[PDB]
Number of protein chains: 2
Amino acid sequence: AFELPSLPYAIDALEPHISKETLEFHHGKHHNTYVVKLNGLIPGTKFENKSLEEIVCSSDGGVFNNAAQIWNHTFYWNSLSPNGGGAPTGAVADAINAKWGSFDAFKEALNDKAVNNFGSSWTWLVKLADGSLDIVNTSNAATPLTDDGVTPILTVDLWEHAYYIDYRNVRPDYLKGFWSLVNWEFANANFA
Amino acid sequence: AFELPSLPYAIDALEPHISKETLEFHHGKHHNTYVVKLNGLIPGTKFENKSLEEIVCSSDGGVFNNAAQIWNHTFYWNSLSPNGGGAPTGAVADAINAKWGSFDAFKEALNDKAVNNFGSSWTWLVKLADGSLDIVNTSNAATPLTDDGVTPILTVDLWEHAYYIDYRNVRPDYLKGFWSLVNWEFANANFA
Ligand SMILES: OC[C@H]1O[C@H](O[C@H]2O[C@H](CO)[C@@H](O)[C@H](O)[C@H]2O)[C@H](O)[C@@H](O)[C@@H]1O
Ligand SMILES: OC[C@H]1O[C@H](O[C@H]2O[C@H](CO)[C@@H](O)[C@H](O)[C@H]2O)[C@H](O)[C@@H](O)[C@@H]1O
Ligand SMILES: [Fe+2]
Ligand SMILES: [Fe+2]
């Protein structure tokens, strides 16, 4: 049975960009529910003994939405940090300059993809087969984890539960907290 | 240019099922924003002089997302009332029993469709071409308004902004609020 991974930092730790209550609900309840639902769905199926990733990569319907949502949320928590934010560093900063010319252009491109990602969705920083970076949008539980040859680097959850408690309807304000939390170490580990 | 319709009731008329705060953000900001976006999109285009329903029935991409959304939300405020709730009456009560055997079986079927309607979505009570009632789920901005032979009767908004402020992650509590508010008078009008 799959389990809810612990949060990589205190429920307190992303303040004032993402609040304790958001983490309590977003991780403690939303994330957990996909874990629970998934565990309920696997018995009696060909997903009985496969790893999370194996299932997300081979399922559809209910098993997929729940499995992918677990993986996506786990990847999202890793994409934030009480010690992140600010300028990118390392391999990632250079690839960002290589693709977009500057960090600022990359940031304006991701903000634009993110605010316009209609409905419950996710905006991703991914590394392509050709080694280059790109920004791709997925809807609901969809994830580049299943795009062959594409490597997920960072993600921002845009389902409303992710920011409604702290930002109501204003995604840019949310995106602001995201940029003050971005976990460049996790980005660089995925990139390398 | 299109306009934000007024709410059919006072801002606190739906308390304690839907809070004045939710009404302020949902109707005053989200609903509004769809109107503003569509006004910002149709100038100079073919849609410029069409009615809202003509636009929804003839567009895609962003024009459709905003048009359908203004339409869906206006239908939704109408689907709630400070004087609704409790048992269905009239024509709709009888068609409900014709389809589901009883009002109680109908509630369980709608609740079920709505709690499992994944991501930003809407759950509708509809009248089909054979004259019978059914419940259908649409995603994001999609609406049965565009389905041939299908007439919208009532809708419950399941995008998280519709209930997060009041019910956080617990959709069944929000659906109990909906049942205390359902406008049978609007439903019987749509039906006849
Ligand atoms: O796990 C239950 C099902 O979830 C999805 O379907 C639900 O959500 C859809 C919108 O995302 C609705 O259109 C649909 O009516 C709901 O049943 C998934 O597509 C299904 O395969 C799952 O069984
Ligand atoms: O009007 C802008 C576009 O809105 C939609 O696309 C955005 O939201 C999608 C998810 O609903 C994302 O996948 C997409 O990347 C975003 O641009 C709509 O589907 C497009 O047709 C519109 O042009
Ligand atoms: Fe989430
Ligand atoms: Fe809404």
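Heavy atoms only: backbone and side chains are in, while hydrogens, waters and symmetry mates are out. Whatever order the structure lists them in is the order used to number ligands and atoms, beginning at 1. Naming convention: chains lettered A, B, ... in sequence-line order (proteins, then strands); numbering from 1 in each chain.
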When you measure from atom 14 (C) of ligand 1 to every protein heavy atom, which one gives the shortest distance, and what is it?
-> B/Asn137 ND2, 3.9 Å
Are any side-chain N or O atoms of A/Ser121 and backbone N or O atoms of A/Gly119, one a donor and one an acceptor, separated by less than 3.5 Å?
-> yes
Could you tell me whether the side chains of A/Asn188 and A/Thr89 share a donor-acceptor contact shorter than 3.5 Å?
-> yes
Does the protein place any heavy atom closer than 4.0 Å to atom 22 (C) of ligand 1?
-> yes
Of B/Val63, B/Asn66, B/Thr45, B/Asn49, which meets side-chain contact (heavy atoms from CB on, under 4.5 Å) against B/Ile55?
-> B/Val63
Relative to atom 16 (C) of ligand 1, which among B/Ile135, B/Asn116, B/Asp112 owns the nearest non-hydrogen atom?
-> B/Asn116
Heavy-atom contacts under 4.0 Å between A/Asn65 and ligand 1: side chain, backbone, both, or neither?
-> side chain
Distance filter under 4.0 Å to B/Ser139 heavy atoms, resulting ligand 1 atoms | 10 (C), 11 (O)
Distance to 0.1 Å, residue and atom name: give those for the protein heavy atom nearest to atom 20 (C) of ligand 1.
-> A/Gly61 CA, 4.0 Å
Between A/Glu108 and A/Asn111, do the side chains contain an N or O donor and an N or O acceptor separated by less than 3.5 Å?
-> no
The protein heavy atom nearest to atom 12 (C) of ligand 1 is B/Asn117 OD1, 3.5 Å
With distance as the sole criterion, is a donor-acceptor pair present between the side chains of B/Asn183 and B/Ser79 under 3.5 Å?
-> no
Proximal atoms of ligand 1 relative to B/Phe118 (non-hydrogen, under 4.0 Å) | 7 (C), 8 (O), 9 (C), 10 (C), 11 (O)
Cut-off under 2.8 Å, centre the Fe ion (ligand 4), protein N/O/S atoms | B/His26 NE2, B/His73 NE2, B/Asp157 OD2, B/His161 NE2
Are A/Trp71 and A/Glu53 linked by a side-chain donor-acceptor pair shorter than 3.5 Å?
-> yes
Is there a donor-acceptor contact under 3.5 Å linking the side chains of B/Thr74 and B/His31?
-> yes
Test item: side-chain donor near acceptor, B/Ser102 and B/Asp104, under 3.5 Å | no
Applying ring pair (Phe, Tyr, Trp, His ring centres under 6.0 Å), run through A/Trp77 and A/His26 and close with a yes or a no.
-> CA-CA 10 Å; A/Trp77 299 129; A/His26 198 170; 4.8 Å; yes
Distance only, no hydrogens: is a donor on one side chain within 3.5 Å (strictly under) of an acceptor on the other, for A/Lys50 and A/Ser58?
-> yes
Considering only heavy atoms of A/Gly62, which atoms of ligand 1 have at least one such atom less than 4.0 Å away?
-> 1 (O), 21 (O), 22 (C), 23 (O)
